[PDB]
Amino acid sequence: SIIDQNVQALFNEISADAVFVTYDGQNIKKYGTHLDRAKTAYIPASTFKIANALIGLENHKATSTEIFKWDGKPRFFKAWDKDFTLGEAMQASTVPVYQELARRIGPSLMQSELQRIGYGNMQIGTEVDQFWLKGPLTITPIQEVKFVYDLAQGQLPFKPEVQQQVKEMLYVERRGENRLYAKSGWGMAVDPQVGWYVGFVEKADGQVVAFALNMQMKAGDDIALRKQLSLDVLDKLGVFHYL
C-alpha cells in the first residue's frame, strides 16, 4: 500500500533509529526505521506522568483541582517557576510537581499499584521520585499504546472519573470533531537516550487510534521533532489529517 510507503518516506532524513506503533483495539501496526524497538523496553520518562496521575487520584493523594504551590526556589527551567495543577504540569512536563505526587504515593503503594495495573516491568527500586527518569522501570512501545488505548476507552482498572480527568490532562488539540491527546518524554539520564510521543486520536464517530513514537535521542537534537514527526505520520496514515 502506497500509504505505508508514504509513511516510511518521512523516516528518510531521520538518521535516528525509530518506530511508530498504532493500535485501534484489534491490530498493532509498526512503521519506522527499526521495527524491533516496538517490542523493546525503555524507561517511560515523562510518559509515566499518565500512570503517576491515575495512581495519585485513585488513591486520594491529589485532585485535578489541587494547586501544587511553587515555594519560590528556581527550578531547572524558567517555565516551571509558578504554581501548577496536575493538568498544567502534564502539559508543561513539570518533573518536580510529579516527583512530589510520587513522594505522597510512597514506595509501597506505587509498587503494588503498578503490579495491579501491569505497567511495564513493574519495577521501581529504592528511589520513589526517580524510577521513570533513571530506571529500573521500563516499558515497550506496544505496552504504551495498549495502556493509553484503555485510558481513551475508560477500560483501565481505575475509577471512571479518575480516567476522564487524566484523559483531559493529555488533550492537545482538535480538528473538526477529531481530538488529539498526547504526552512527550525524553529519557535524558540513560544511554542510549529514548524519545517518546505517546497518545491517541479520538474520532468524531467514537473510534480511537492509540499511537506511540519511540526513537533514539542524543544531546542537541531538536525538542520539537517528536511531535512534528508524529503529526506528519498521523496525517499520512489518514488518522489525523491536517486542515
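Just so we're on the same page, rigid core means the largest C-alpha set that superposes within 1.5 Å between forms. Position 1 is the first residue in the sequence shown; the rest follow in order.
Per-stretch RMS Cα distance to the displayed form in 9 other deposited structures of this protein, following rigid core alignment, is highest for 7-15 when 7-15 and 20-28 are compared. Comparing 67-75 with 132-140 by root mean square Cα distance to the shown form in 9 other deposited structures of this protein, with the rigid core used for the fit, gives 67-75 as the more displaced stretch.
In this crystal structure, the stretch out of 70-78 and 93-101 whose C-alpha atoms carry the higher mean B factor is 70-78. Here 233-241 and 1-9 are compared by their mean Cα B-factor, and 1-9 comes out higher.
Among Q26, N52, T47, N214, the highest C-alpha B-factor recorded in the PDB entry belongs to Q26. Take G199, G185, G56, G176 and read off each C-alpha B-factor from the entry; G176 has the highest. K159: CA B factor lies in the highest third for its chain, per the PDB record. Per the PDB record, residue ranking by Cα B-factor puts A41 in the middle third of the chain.
In this PDB entry, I142 carries a Cα temperature factor that places it within the middle third of its chain's modelled residues. The entry lists a Cα temperature factor for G32 that places it in the middle third of the chain's modelled residues. When the modelled residues of the chain are ordered by their C-alpha B factor, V148 lands in the lowest third.
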